[PDB]
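Participant: Counting from 1, position 340 in the sequence shown corresponds to residue 342 in the deposited numbering; the numbering is continuous, with no gaps. The structure is given below, and queries will be raised subsequently.
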Amino acid sequence: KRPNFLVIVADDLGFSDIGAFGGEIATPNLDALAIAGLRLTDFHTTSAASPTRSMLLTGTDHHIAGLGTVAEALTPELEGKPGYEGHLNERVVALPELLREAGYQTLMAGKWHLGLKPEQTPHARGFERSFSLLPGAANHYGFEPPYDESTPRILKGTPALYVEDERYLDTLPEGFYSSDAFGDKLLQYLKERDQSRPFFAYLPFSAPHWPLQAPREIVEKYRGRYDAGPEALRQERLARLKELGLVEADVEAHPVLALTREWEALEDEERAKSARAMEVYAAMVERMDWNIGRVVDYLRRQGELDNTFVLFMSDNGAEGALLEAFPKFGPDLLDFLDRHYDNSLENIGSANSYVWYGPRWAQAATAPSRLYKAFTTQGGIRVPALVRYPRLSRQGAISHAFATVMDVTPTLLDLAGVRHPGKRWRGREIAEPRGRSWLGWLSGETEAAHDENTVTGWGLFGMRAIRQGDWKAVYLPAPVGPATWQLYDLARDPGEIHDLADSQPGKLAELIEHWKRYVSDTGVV
Ligand SMILES: [Ca+2]
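Here's what the structure looks like:
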């Protein structure tokens with residue numbers, strides 16, 4: 003009997019935020035799935051939202067699938083390059099397109115980020131029912147600033163732009179909050195389904211992405227929890243990750259890098275507003291979890307949960323960006339926020355606040371990894387992941403087997419009994435997956451879907467990484483790194499701390515060869 007699929011994606015969720023991944027945040031629904039299922043510690047996305055999402059729905063690399071760089075950063079020197087179209091292109095077929103022709107009902111509620119135009123929406127790319135925020139982010143409550151020439155570029159590119167199927171929405175309902183609206187819509191779609199056939203349900207939240215906003219009654223639950231700051235938090239998370247066996251007891255955490263003032267150097271007002279941002283974030287995660295519970299509990303009561311392959315992942319590392327630090331997100335973002343929002347302590351988290359938590363809170367969640375979102379180090383690309391499907395033998399454990407987002411499409415086609423069509427689909431040439439199906443591994447037949455010779459590449463925002471087995475080389479340009487290849491043995495040094503470039507030039511050499519083939523195979527510019 004063919005399984006259902008429930009693929010749930012958090013937006014900028016960090017590695018140890020969820021209870022079953024070492025966190026203090028209340029996530030009882032996700033915990034129950036994770037502990038019963040398989041937690042992954044070596045599962046990888048890309049370093050940003052739309053690249054990852056392009057891969058998750060294709061089984062190939064973002065440079066092929068249309069998100070060679072993020073759309074919001076395309077220049078005229080890249081526009082025209084194949085795979086840099088700025089949206090999911092027609093050089094790929096998506097997973098829902100393939101399941102839909104094989105009898106699955108394809109259902110989505112959440113953030114898309116794969117295209118703004120009609121012919122690029124979920125309805126156009128294989129979803130029969132969809133309720134979607136098309137851009138990368140937006141106000142969770144739908145409160146919009148004035149849009150004119152003087153509006154910061156980062157706000158202009160994040161309107162609350164929603165579609166349902168083919169209808170671009172004029173207005174949002176009363177009481178709209180993103181995670182609740184997504185929960186509501188996917189539950190509706192599930193209740194209205196044809197019960198004699200399986201479904202592919204896609205639940206990409208916009209939480210916990212900035213602006214950090216959540217229901218006050220949930221924020222209140224975290225009052226005072228983060229008063230000790232982000233370095234005290236990082237220590238609690240590291241200890242708990244070791245206690246749970248998610249990281250080995252000897253692991254050396256990468257040092258925290260930040261241009262901001264450390265907690266103890268902050269004035270009391272500043273501290274209070276930063277802790278409140280973290281209390282808000284925690285509420286965002288809890289309320290996402292609560293909506294997940296609504297979906298999952300419905301399926302359970304229907305007797306469908308055990309027949310549903312449930313995959314949860316974040317889409318990249320925790321978000322450490324200072325949005326004020328990027329002039330191109332302006333002109334003056336902070337002044338505009340100061341004149342149009344209220345970020346006073348007591349308003350933070352509500353519709354007319356606009357905050358992000360910054361590098362220090364972000365690195366508490368990525369530890370022991372190096373850095374955070376938009377870096378090709380482990381901090382930006384190693385994300386929490388779980389699989390709950392009791393029809394698979396490998397459940398109840400923590401697995402450190404290498405995996406990536408590109409493995410999802412081939413795994414789900416496999417379970418559906420559906421063959422990838424090859425190099426041609428709907429009269430056009432298409433790419434075949436670069437990932438590998440997880441079926442043998444999760445069946446207990448092999449110990450991993452990949453091996454010591456597997457080669458995987460990353461490149462975005464000028465950064466690079468190239469990995470074979472557990473050897474990884476990384477390239478961070480100025481001002482963020484030495485603008486040279488650094489080499490790491492991930493099996494001994496997960497924090498990417500000890501550069502082996504000089505002591506293992508032969509291994510670096512080979513990885514640089516692999517990197518050239520990566521660029522060549524996928525069209526990296
Ligand atoms: Ca993201």
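Heads up, the beta-carbon is just placed ideally off N, CA and C, and yes, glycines get one too.
Using a Cβ-Cβ cut-off of 8 Å (strictly less than) and excluding sequence neighbours within five positions of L116, which residues of its own chain qualify?
Facilitator: Translated into positions along the sequence shown, residue 116 becomes position 114. For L116, where only same-chain residues beyond five positions count, the Cβ hits under 8 Å are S52, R55, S56, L59, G68, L69, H89, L90, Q122, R127.
Participant: With 16 other CB atoms within 10 Å as the buried threshold, where does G39 fall?
Facilitator: Sequence index remark: in the sequence shown, residue 39 carries index 37 (1-based). Classification of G39: buried, given that the 10 Å Cβ count is 16 or more.
Participant: What are the start and end residues of the alpha helix (DSSP H) that includes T108?
Facilitator: Within the sequence shown, residue 108 is the residue found at index 106, counting from 1. Taken as a continuous stretch (DSSP letters only), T108 belongs to no alpha helix (DSSP H), being part of the beta strand (DSSP E) at 107-113.
Participant: May I ask whether a heavy atom of ligand 1 can be found less than 8 Å away from the beta carbon of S180?
Facilitator: Along the sequence shown, one-based indexing puts residue 180 at 178. No - ligand 1 has no heavy atom lying nearer than 8 Å to the Cβ of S180.
Participant: How would you call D409, buried or exposed, if buried means at least 16 neighbouring beta carbons within 10 angstroms?
Facilitator: Walking along the sequence shown from the start, residue 409 turns up at place 407. So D409 ends up on the buried side.
Participant: Which same chain residues end up closer than 8 Å to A162 when comparing Cβ atoms and leaving out the 5 residues on each side of it in sequence?
Facilitator: Counting from one through the sequence shown, the residue named residue 162 turns up at place 160. Same-chain partners within the cutoff: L135, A140, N141, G144, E146, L174.
Participant: Can you pull the DSSP bridge partners for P206?
Facilitator: In the sequence shown, residue 206 corresponds to position 204, counting from 1. DSSP lists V11 as partners of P206.
Participant: Per DSSP, what kind of secondary structure is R55 in: helix, strand or coil?
Facilitator: Counting from 1 along the sequence shown, the entry for residue 55 is found at position 53. Note: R55 maps to helix in three-state DSSP.
Participant: Pair every Cβ in the region 485-504 with every Cβ in the region 431-443, then say whether three or more of these pairs are closer than 8 Å.
Facilitator: Touching, no.
Participant: With a threshold of 16 other CB atoms inside 10 Å of the CB of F328, please say whether the residue is buried or exposed.
Facilitator: Your numbering for residue 328 matches position 326 in the sequence shown. Counting Cβ neighbours within 10 Å, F328 comes out exposed, since fewer than 16 surround it.
Participant: Find the nearest neighbour of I20 within the set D13, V9, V11, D33, judged by alpha-carbon distance.
Facilitator: Translated into positions along the sequence shown, residue 20 becomes position 18. The shortest C-alpha separation from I20 is found at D33.
Participant: Can you grab the Cα-Cα spacing for the pair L15 / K375, in whole Å?
Facilitator: Position 13 of the sequence shown, counted from the first residue, corresponds to residue 15. Position 373 of the sequence shown, counted from the first residue, corresponds to residue 375. Whole-angstrom Cα-Cα distance: 10 Å.
Participant: Is it buried or exposed for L100, if we count other Cβ within 10 angstroms and need 16 for buried?
Facilitator: Taking the sequence shown and counting its residues from 1, the one referred to as residue 100 is at position 98. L100 should be labelled buried.
Participant: Could you spell out the range, first to last residue, of the beta strand (DSSP E) harbouring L388?
Facilitator: Position 386 of the sequence shown, counted from the first residue, corresponds to residue 388. Per DSSP, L388 belongs to the beta strand (DSSP E) from 387-390.
Participant: Using 10 angstroms around the beta-carbon of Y149, count the other beta-carbons present and answer buried if the total reaches 16, otherwise exposed.
Facilitator: Mapped onto the sequence shown, residue 149 falls at position 147. It counts as exposed.
Participant: Please name the residue, chosen from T310, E454, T406, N345, that lies closest to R393 on a Cα-to-Cα basis.
Facilitator: For this step, residue 393 is matched to residue 391 along the sequence shown. Closest by alpha carbon: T310.
Participant: Kindly confirm or deny that the region 239-254 and the region 206-221 touch, where touching means at least three C-beta pairs closer than 8 Å.
Facilitator: Result no; under three Cβ-Cβ pairs closer than 8 Å.
Participant: Look at the Cβ atom of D308, then the Cβ atom of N31, and state whether they are nearer than 9 Å.
Facilitator: For the purposes of this step, residue 308 is identified with residue 306 of the sequence shown, where counting begins at 1. For the purposes of this step, residue 31 is identified with residue 29 of the sequence shown, where counting begins at 1. No; because the gap between Cβ atoms is not below 9 Å, this pair is not in contact.
Participant: Considering only C-alpha positions, which residue in the set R195, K83, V312 is nearest to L417?
Facilitator: Taking the sequence shown and counting its residues from 1, one reaches residue 417 at position 415. Answer by Cα proximity: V312.
Participant: Cα-Cα, which of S152, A22, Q197 is closest to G305?
Facilitator: Here residue 305 corresponds to residue number 303 of the sequence shown, with the count starting at 1. Here the closest residue by C-alpha is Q197.
Participant: Starting from the C-beta of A22, find all residues in its chain whose C-beta is less than 6 Å away, skip the five residues before and the five after it, and write them out in chain order.
Facilitator: The residue labelled residue 22 in the question sits at position 20 within the sequence shown. Hits under 6 Å: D33, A36, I37.
Participant: Nearest CA to the CA of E222: which residue from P257, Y283, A203?
Facilitator: Counted from its first residue, the sequence shown places residue 222 at position 220. Here the closest residue by C-alpha is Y283.
Participant: Would you check if there are 3 or more beta carbon pairs closer than 8 Å linking the region 356-363 to the region 311-325?
Facilitator: The region 356-363, when compared against the region 311-325, does touch it at the 8 Å Cβ threshold.
Participant: With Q237 as the anchor, note down where its alpha helix (DSSP H) starts and where it stops.
Facilitator: On the sequence shown, position 235 is the one that residue 237 refers to. First-last of the alpha helix (DSSP H) with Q237: 231-246.
Participant: Under a criterion of Cβ closer than 5 Å to any non-hydrogen atom of ligand 1, which residues qualify, in chain order?
Facilitator: Result: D13, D14, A51, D317, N318.
Participant: Going straight from the alpha carbon of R302 to that of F202, what length do you get?
Facilitator: What you label residue 302 is simply residue 300 of the sequence shown in a count that begins at 1. What you label residue 202 is simply residue 200 of the sequence shown in a count that begins at 1. Roughly 16 Å separates the two Cα atoms.
Participant: Quick check: what's the CA-CA separation for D13 versus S49?
Facilitator: As a position in the sequence shown, residue 13 is number 11, starting the count at 1. As a position in the sequence shown, residue 49 is number 47, starting the count at 1. About 12 Å.
Participant: Check each candidate in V476, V389, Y343 and name the one with the smallest Cα separation from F377.
Facilitator: Within the sequence shown, the letter at position 375 stands for residue 377. The shortest Cα separation from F377 among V476, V389, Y343 belongs to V476.
Participant: By Cβ distance, which residues of its chain are closer than 6 Å to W363, with the 5 residues on each side in sequence left out?
Facilitator: If you number the sequence shown from 1, residue 363 lands on position 361. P232, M280, listed in sequence order.
Participant: Could you tell me which of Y191, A234, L261 sits nearest to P200, measuring between CA atoms?
Facilitator: Taking the first residue of the sequence shown as position 1, residue 200 is located at position 198. Of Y191, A234, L261, the residue nearest in Cα terms is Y191.
Participant: Find the nearest neighbour of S18 within the set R41, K3, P5, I10, judged by alpha-carbon distance.
Facilitator: Taking the sequence shown and counting its residues from 1, the one referred to as residue 18 is at position 16. Of the listed residues, the one whose Cα sits closest to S18 is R41.
Participant: Tell me which same chain residues have a C-beta within less than 6 Å of the C-beta of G381, skipping the five on either side of it?
Facilitator: For this step, residue 381 is matched to residue 379 along the sequence shown. Once the five neighbours on either side are set aside, the close Cβ partners of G381 are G319, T368, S371, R372, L373, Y374.
Participant: So the beta strand (DSSP E) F338 belongs to, where does it begin and stop?
Facilitator: Position 336 of the sequence shown, counting from 1, holds the residue named residue 338. Per DSSP, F338 belongs to no beta strand (DSSP E); it is in the alpha helix (DSSP H), 335-342.
Participant: Are the CB atoms of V527 and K83 within a distance shorter than 9 Å?
Facilitator: As a first step, residue 83 must be located in the sequence shown, where it is residue number 81. As a first step, residue 527 must be located in the sequence shown, where it is residue number 525. Going by C-beta atoms, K83 is nearer than 9 Å to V527.
Participant: Give the DSSP-derived three-state secondary structure of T458 in the structure shown.
Facilitator: The residue labelled residue 458 in the question sits at position 456 within the sequence shown. Strand.
Participant: Enumerate in chain order the residues of its own chain whose CB-to-CB distance from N455 is below 8 Å, with the five nearest sequence positions on each side excluded.
Facilitator: Taking the sequence shown and counting its residues from 1, the one referred to as residue 455 is at position 453. These residues qualify, in order along the chain: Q470, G471.
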